[PDB]
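In what follows, a single structure is set out as structure tokens and then discussed.
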Amino acid sequence: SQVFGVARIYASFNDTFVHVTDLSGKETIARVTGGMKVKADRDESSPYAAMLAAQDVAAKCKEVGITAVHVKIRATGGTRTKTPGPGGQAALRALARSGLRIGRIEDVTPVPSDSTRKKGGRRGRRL
Amino acid sequence: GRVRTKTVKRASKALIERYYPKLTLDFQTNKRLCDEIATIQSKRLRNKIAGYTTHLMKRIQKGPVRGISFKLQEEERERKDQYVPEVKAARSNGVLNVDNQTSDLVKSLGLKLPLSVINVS
Amino acid sequence: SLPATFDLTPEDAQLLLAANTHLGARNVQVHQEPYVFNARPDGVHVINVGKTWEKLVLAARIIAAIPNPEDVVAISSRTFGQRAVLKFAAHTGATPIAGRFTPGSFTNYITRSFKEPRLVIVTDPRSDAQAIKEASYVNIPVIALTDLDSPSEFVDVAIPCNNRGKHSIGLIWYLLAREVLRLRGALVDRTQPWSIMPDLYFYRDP
Amino acid sequence: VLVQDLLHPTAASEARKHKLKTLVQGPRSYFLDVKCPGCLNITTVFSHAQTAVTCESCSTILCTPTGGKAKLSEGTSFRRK
Amino acid sequence: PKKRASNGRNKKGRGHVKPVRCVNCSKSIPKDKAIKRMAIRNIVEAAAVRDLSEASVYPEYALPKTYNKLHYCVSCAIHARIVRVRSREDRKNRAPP
Amino acid sequence: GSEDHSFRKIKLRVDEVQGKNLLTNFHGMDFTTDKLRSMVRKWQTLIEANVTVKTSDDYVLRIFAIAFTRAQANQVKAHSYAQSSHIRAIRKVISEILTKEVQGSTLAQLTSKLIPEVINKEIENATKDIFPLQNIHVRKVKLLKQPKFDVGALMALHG
RNA sequence: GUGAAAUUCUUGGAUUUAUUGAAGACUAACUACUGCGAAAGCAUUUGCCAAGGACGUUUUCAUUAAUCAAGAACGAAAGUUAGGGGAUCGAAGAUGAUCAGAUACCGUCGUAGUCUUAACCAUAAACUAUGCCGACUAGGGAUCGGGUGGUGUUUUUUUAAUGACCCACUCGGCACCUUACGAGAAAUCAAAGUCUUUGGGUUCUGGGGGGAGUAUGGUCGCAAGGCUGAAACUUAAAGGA
């Protein structure tokens, strides 16, 4: 006896997203970016913005009757890092703190099979 | 600290060799004695030699302490030395065990084997 | 030196079938040993099962080379051993050296338990790696007690057994000696038994 | 070793050492008189085929060529020589 | 000085190699020299895992991993104290600890 | 319901409504990710698959059979590698073993050869008579050229 | 995205995820005091193609060989000429950063080039900064390739068979340790040893520091440029350990 919205988190760097949808996700619901819960504008990726941010995800999920939740983590990804930033950790523990249930966890970080030539230039990024 | 010194140790460690027998732990009976023996400078120095010594006879008894032996510990090693009796004589399993590949050289070498051995991992 | 019975008598297939010494090893047959009877289709090397009475009892005249057996030792540093090599040191000649070997003890005039031998020996040539080297030096013959496993360069003869646990490490020197003694010493010449057990010989405490 | 007769060493050390060093060189390959079962015939085959030879004519097959030594079929006595 | 009987790295019979880009330097740099490491950790962490197998709807699931390799310039390898400076002799080692 | 497939997800798509109960047709298959990137190690051969295919239900499907070498139980060396020509022979095997369990066909009839991982078996027993192998997936599986609706060819998948 | 930043993407829902696709690029870990090539240089797999080293050899020919001014193949990359390719990096150019300035370092994009066919150029710290042939000195323990011997280790299948293995030996490597009898300015060197007890064979090079590998001529190249290579003038040190 429960329903399941899908998470749809992500934290590079300098920002992070708690972003609920349906389990299909052609529709969406309460999306929360970092800067939003911090106007320093400095630390937009903070172990905290995420923290008070996730709690928006169970305010506007424990609003439109999302009991419970399955949960996705994405890096940048791409070319980039594939080393999850702060975010995703603090979220993954604040989301458990907000009554929410949890189910099926897994990365999605977009991996390439090579090719797109990475930025910087040969001799590199450098201070 | 409280950390001992050469002049001191190496004065008790020389002493402890001869005088284990007069030898004690009431250290106030060594203190006196430790003048009749060494030809010491001072009173302070002298009270720090015997302090150390009593740190030897209080642990010697407890057991074998290190790089120091005085004709009394070395005669309990010709007394503790020796042992197992009987020496090795198998009856009980007689035949003495002889890998079963242990028959070729010694069929090509002697006189009497009372042997034990692995008919074939 | 063909004799008479040193020859197998009425019991040399009965007593090592409860102890395993024909056995070899897992997926391992080391180019460096005639010292593997075939090799079966289900598991495992059935060590050749007639030639350890060939280079564990060369191994007994070579000495017979001691005028004074405490030089005739037993080399080690294991657990199941410290109760057969300590012990080869008791019932005849030898300083036991199990546990501390005493590194140098054969390199180099500067140590403790002092060595200057002429045929030492060596349980595990994986535990005893310095009669192959403390010999590839200067003038100290050696003898490894050469499982399917013993770099053979410079321990010039073979001494095969089996050590994957259990007994036969200690309970095998026993045979170096018995039969070294029946050249020279004091025991007795088919049989009038031999007053220990191969089931004194095992542990002392786990 | 400070020394050794290299004339004649062991028989051992040759069997293993490479064909072209036993001192005087000599081959390993050698021939092998085959009764296919049907006929009595006896064809003189070589240990390293390169050719499968047919047996005599029965048209049979015998021995496939591989890296070095044929793999001979089932029937074949293959007495060596 | 020569420094380094290889040279730096891993290349022989082999003449020239397909290079890699650094996660960090973001430099380029052949797959010899490189200096590769698997972190692998539990997405979860120690502190929380208790609030996870707690509030899950799973009577346990398990705890799925997080795979990845990691490429480094040698510069950023020392700046970030992955590789150090091993005296001269403790070089010609090659042990994890 | 089970926990042995604990990994691996099903992509379903809604074909049509009713009542409020949207029915469904199979979309495709996925592994978790992770478990793919795990099963791979350093130190050993990696292989790969594929083959497209006209089922007959007339669906066009591409499948992926990843598969490793395993060592031997009893194998000095640190490894477990392949030779190469043996791998050439390894991939070709796989091709047939999959067209064959795809003609012998349908999505519905196909589906319950993916759930109980029976193709996985069929690989190992044509392969052993080569090489050892482990892990052997299908990893994926994706649609292309699925034909026209046929409401109940699907409403026959329910009751 | 960072040392910390900001430029940058963000209902036109990025970053994440799933799976499939497309394209050109590379050949991970294995991968080492190890492989082969004249050097440059070469790692996914298999098939042709011809080449070659080392051994082994009671085959052969019989002094044919050593180094080489002239001359003639190859020559990293960059760069050029015209087509193809144009993922990624990424001088140049633009940028936001930092900074007293910052035309640089840091970040994001980015032609050209990286890749290939066909043709040029011929330089490099092309590095063991050590010409090759040879011949002789002093110990070792490893390894790659062969070959020889051990009723050698497993494989077990019935014994063999091979094969992996062990060890014994050797010839040829690619190195390493240790001594110093020797050599050296020394640091160090089994070759930089056998040199004032001065000489086995021969080809290149240098004779203080700069001026300067420039100016000139002469020449190869389409160009970049190479090879050749002054002097006047100036100067008591420049340098090695």
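Ligands are numbered from 1 in the order shown, chains are lettered A, B, ... in the order of the structure tokens, and residues start at 1 in each chain.
Running DSSP on the backbone and keeping only helix (DSSP H, G or I), the residues of region 74-183 of chain C that qualify are residues 88, 89, 90, 91, 173, 174, 175, 176 and 177 of chain C.
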For the selection you just gave me, I'd like the residues written to a file as a PDB file, in the first residue's frame, keeping C-alpha atoms.
ATOM      1  CA  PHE C  88      66.377 -33.990  16.143  1.00  0.00           C
ATOM      2  CA  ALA C  89      68.740 -31.874  18.345  1.00  0.00           C
ATOM      3  CA  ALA C  90      67.989 -33.946  21.498  1.00  0.00           C
ATOM      4  CA  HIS C  91      68.060 -37.638  20.771  1.00  0.00           C
ATOM      5  CA  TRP C 173      63.909 -36.391   9.964  1.00  0.00           C
ATOM      6  CA  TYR C 174      63.460 -39.369  12.228  1.00  0.00           C
ATOM      7  CA  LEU C 175      64.442 -41.267   9.015  1.00  0.00           C
ATOM      8  CA  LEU C 176      67.466 -39.164   8.049  1.00  0.00           C
ATOM      9  CA  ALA C 177      68.847 -40.322  11.461  1.00  0.00           C
TER      10      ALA C 177
END
Taking only C-alpha atoms into account and nothing else, which residues of chain C lie no more than 12 Å away from chain F? Please answer as a ChimeraX atom specification. /C:25-30,42-44
Any idea what's packed within 12 Å of residue 96 (chain A), counting only C-alpha atoms (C1' of nucleotides), ignoring anything in its chain fewer than 5 positions away? Could you give it as number ranges by chain? A: 51, 54-55, 57-58, 68-69, 71, 89-91, 101-103; E: 44, 48-57
Write the residues you've just listed into a file as a compact mmCIF listing (two decimals), in the first residue's frame, and include N, CA and C atoms for each of them.
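Result written to again02.txt:
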# COMPACT_ATOMS: atom_id res chain seq x y z
N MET A 51 21.16 19.88 1.76
CA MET A 51 20.50 19.50 3.02
C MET A 51 19.02 19.59 3.37
N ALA A 54 16.66 19.37 0.02
CA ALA A 54 15.94 18.11 -0.02
C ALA A 54 14.59 18.21 0.70
N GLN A 55 14.58 18.91 1.84
CA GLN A 55 13.36 19.10 2.64
C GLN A 55 12.22 19.79 1.89
N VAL A 57 11.84 18.93 -1.33
CA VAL A 57 11.38 17.65 -1.89
C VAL A 57 10.46 16.66 -1.15
N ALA A 58 10.28 16.87 0.16
CA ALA A 58 9.29 16.15 0.97
C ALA A 58 8.22 17.07 1.56
N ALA A 68 6.28 8.00 -1.33
CA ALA A 68 7.46 7.22 -1.08
C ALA A 68 8.29 7.26 -2.34
N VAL A 69 9.54 6.80 -2.24
CA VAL A 69 10.50 6.95 -3.32
C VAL A 69 11.70 6.03 -3.05
N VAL A 71 16.71 5.60 -6.47
CA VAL A 71 16.69 7.05 -6.56
C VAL A 71 17.95 7.54 -7.24
N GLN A 89 25.66 13.43 -1.45
CA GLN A 89 25.61 12.74 -0.17
C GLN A 89 24.57 13.32 0.79
N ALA A 90 24.75 14.58 1.18
CA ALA A 90 23.89 15.21 2.20
C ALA A 90 22.40 15.02 1.91
N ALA A 91 22.03 15.03 0.64
CA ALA A 91 20.64 14.83 0.23
C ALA A 91 20.19 13.41 0.52
N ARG A 101 9.50 6.90 1.86
CA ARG A 101 10.39 5.76 2.03
C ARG A 101 11.48 5.79 0.95
N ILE A 102 12.45 4.89 1.03
CA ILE A 102 13.50 4.76 0.01
C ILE A 102 13.42 3.41 -0.71
N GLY A 103 13.77 3.41 -1.99
CA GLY A 103 13.84 2.18 -2.77
C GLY A 103 14.69 2.30 -4.01
N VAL E 44 25.85 5.21 -0.59
CA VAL E 44 25.12 5.44 0.66
C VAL E 44 25.13 6.78 1.43
N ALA E 48 25.22 7.41 7.68
CA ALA E 48 23.80 7.36 7.33
C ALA E 48 23.25 5.95 7.23
N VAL E 49 24.01 5.05 6.61
CA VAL E 49 23.53 3.70 6.25
C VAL E 49 22.65 3.02 7.30
N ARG E 50 22.91 3.29 8.58
CA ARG E 50 22.13 2.73 9.70
C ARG E 50 20.68 2.39 9.33
N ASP E 51 20.22 5.57 8.60
CA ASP E 51 18.88 6.05 8.28
C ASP E 51 18.32 5.48 6.97
N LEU E 52 19.17 4.85 6.16
CA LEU E 52 18.73 4.28 4.89
C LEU E 52 17.88 3.04 5.08
N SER E 53 19.67 0.95 6.48
CA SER E 53 18.54 0.15 6.04
C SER E 53 17.28 0.42 6.86
N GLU E 54 17.23 1.56 7.56
CA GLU E 54 16.08 1.91 8.38
C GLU E 54 14.82 2.21 7.54
N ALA E 55 14.75 3.40 6.93
CA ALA E 55 13.50 3.89 6.33
C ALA E 55 13.20 3.36 4.93
N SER E 56 14.01 2.43 4.43
CA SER E 56 13.74 1.76 3.16
C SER E 56 12.43 1.00 3.23
N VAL E 57 11.88 0.65 2.07
CA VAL E 57 10.72 -0.23 2.01
C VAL E 57 11.21 -1.63 1.66
Residues near residue 108 (chain A), anyone? I mean within 8 Å using only C-alpha atoms (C1' of nucleotides), not counting same-chain ones fewer than 6 positions away, as a PyMOL selection string. (chain A and resi 72-75) or (chain F and resi 33) or (chain G and resi 16-17)
For chain A, which residues have at least one atom within 10 Å of chain E, if we go by only C-alpha atoms? Write them as a PyMOL selection string, please. chain A and resi 2+68-69+73+79-84+88-90+92-107+117-126
Would you mind listing, as a count of residues only, all residues of chain C that have at least one atom within 6 Å of chain B, where only C-alpha atoms are what counts? 36
Under the rule that only C-alpha atoms are counted, which of D:11, D:20, D:49, D:63 is the nearest residue to residue 36 (chain D)?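 Ranking D:11, D:20, D:49, D:63 by distance to residue 36 (chain D), first place goes to D:63.
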Taking a cut-off of 12 Å and counting only C-alpha atoms (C1' of nucleotides), can you build a table that, for each residue of chain G near chain A, reports the nearest atom pair and how far apart they are in Å (one decimal), sorted by chain then residue number, as a tab-separated table?
residue	atom	partner	partner_atom	distance
G:1	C1'	A:13	CA	6.2
G:2	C1'	A:13	CA	8.6
G:3	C1'	A:127	CA	7.4
G:4	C1'	A:42	CA	9.2
G:5	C1'	A:42	CA	8.5
G:6	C1'	A:42	CA	10.7
G:9	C1'	A:76	CA	11.4
G:10	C1'	A:33	CA	10.2
G:11	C1'	A:28	CA	11.6
G:13	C1'	A:28	CA	9.0
G:14	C1'	A:17	CA	11.0
G:15	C1'	A:76	CA	5.7
G:16	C1'	A:74	CA	3.8
G:17	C1'	A:108	CA	5.0
G:18	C1'	A:108	CA	8.3
G:19	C1'	A:108	CA	11.8
G:23	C1'	A:115	CA	9.5
G:24	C1'	A:115	CA	8.5
G:25	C1'	A:115	CA	6.7
G:26	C1'	A:114	CA	9.4
G:87	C1'	A:115	CA	4.6
G:88	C1'	A:117	CA	2.5
G:89	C1'	A:117	CA	5.4
G:90	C1'	A:121	CA	4.7
G:91	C1'	A:121	CA	10.0
G:97	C1'	A:127	CA	10.0
G:98	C1'	A:127	CA	8.2
G:99	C1'	A:127	CA	12.0
G:104	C1'	A:127	CA	10.5
G:105	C1'	A:127	CA	5.9
G:106	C1'	A:127	CA	3.9
G:107	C1'	A:125	CA	7.3
G:108	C1'	A:119	CA	7.7
G:109	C1'	A:119	CA	8.3
G:110	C1'	A:119	CA	10.1
G:114	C1'	A:122	CA	10.7
Pairwise distance for CA of residue 49 (chain F) and CA of residue 104 (chain F), rounded to one decimal in Å: 20.1 Å
Using only C-alpha atoms (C1' of nucleotides) and a distance of at most 9 Å, pull out the residues of chain D that contact chain G, as a PDB file with C-alpha atoms, in the first residue's frame.
ATOM      1  CA  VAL D   1      80.981 -26.536 -13.417  1.00  0.00           C
ATOM      2  CA  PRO D   9      77.693 -36.691 -21.138  1.00  0.00           C
ATOM      3  CA  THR D  10      74.489 -38.341 -19.816  1.00  0.00           C
ATOM      4  CA  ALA D  11      72.076 -40.039 -22.256  1.00  0.00           C
ATOM      5  CA  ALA D  12      69.311 -37.627 -19.658  1.00  0.00           C
ATOM      6  CA  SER D  13      71.134 -34.769 -20.832  1.00  0.00           C
ATOM      7  CA  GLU D  14      70.256 -35.082 -24.520  1.00  0.00           C
ATOM      8  CA  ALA D  15      66.639 -36.241 -24.725  1.00  0.00           C
ATOM      9  CA  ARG D  16      65.524 -32.765 -23.592  1.00  0.00           C
ATOM     10  CA  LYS D  17      68.202 -30.511 -25.161  1.00  0.00           C
ATOM     11  CA  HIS D  18      67.729 -28.887 -28.575  1.00  0.00           C
ATOM     12  CA  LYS D  19      67.708 -31.400 -31.933  1.00  0.00           C
ATOM     13  CA  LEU D  20      70.438 -29.116 -33.314  1.00  0.00           C
ATOM     14  CA  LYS D  21      73.185 -29.747 -29.841  1.00  0.00           C
ATOM     15  CA  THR D  22      73.382 -33.327 -28.528  1.00  0.00           C
ATOM     16  CA  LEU D  23      77.517 -32.303 -30.169  1.00  0.00           C
ATOM     17  CA  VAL D  24      76.522 -34.664 -33.033  1.00  0.00           C
ATOM     18  CA  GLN D  25      73.161 -33.589 -34.416  1.00  0.00           C
TER      19      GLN D  25
END
Rows by chain and residue number, chain F within 7 Å of chain G, shortest pair, only C-alpha atoms (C1' of nucleotides), as a tab-separated table:
residue	atom	partner	partner_atom	distance
F:42	CA	G:29	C1'	5.2
F:43	CA	G:30	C1'	6.1
F:84	CA	G:45	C1'	5.4
F:85	CA	G:46	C1'	6.6
F:142	CA	G:20	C1'	6.4
Those residues with N, CA and C atoms, as a JSON list (two decimals), in the first residue's frame please?
[["chain", "number", "residue", "atom", "x", "y", "z"],
["F", 42, "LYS", "N", 40.21, -5.93, -13.66],
["F", 42, "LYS", "CA", 41.50, -5.87, -14.34],
["F", 42, "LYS", "C", 41.95, -7.32, -14.38],
["F", 43, "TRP", "N", 43.14, -7.59, -14.92],
["F", 43, "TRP", "CA", 43.72, -8.92, -14.83],
["F", 43, "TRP", "C", 43.07, -9.98, -15.77],
["F", 84, "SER", "N", 42.63, -15.63, -29.01],
["F", 84, "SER", "CA", 42.13, -14.62, -30.00],
["F", 84, "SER", "C", 41.25, -15.29, -31.04],
["F", 85, "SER", "N", 41.85, -16.22, -31.79],
["F", 85, "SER", "CA", 41.12, -17.05, -32.75],
["F", 85, "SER", "C", 39.98, -17.79, -32.04],
["F", 142, "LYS", "N", 17.18, -3.79, -27.23],
["F", 142, "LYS", "CA", 16.36, -2.61, -27.50],
["F", 142, "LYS", "C", 15.56, -2.75, -28.81]]
Show me, as a ChimeraX atom specification, the residues that have an atom within 6 Å of residue 42 (chain G) when counting only C-alpha atoms (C1' of nucleotides), minus same-chain residues fewer than 5 positions from it. /E:13-15
Compile the residues of chain F that lie within 8 Å of chain E, evaluated using only C-alpha atoms, and express the compilation as an MDAnalysis selection string. chainID F and resid 3 6 34 37:38
Skipping near chain neighbours, those fewer than 4 positions away, what residues fall within 9 Å of residue 56 (chain D) using only C-alpha atoms (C1' of nucleotides), listed as a PyMOL selection string? chain D and resi 41-43+60
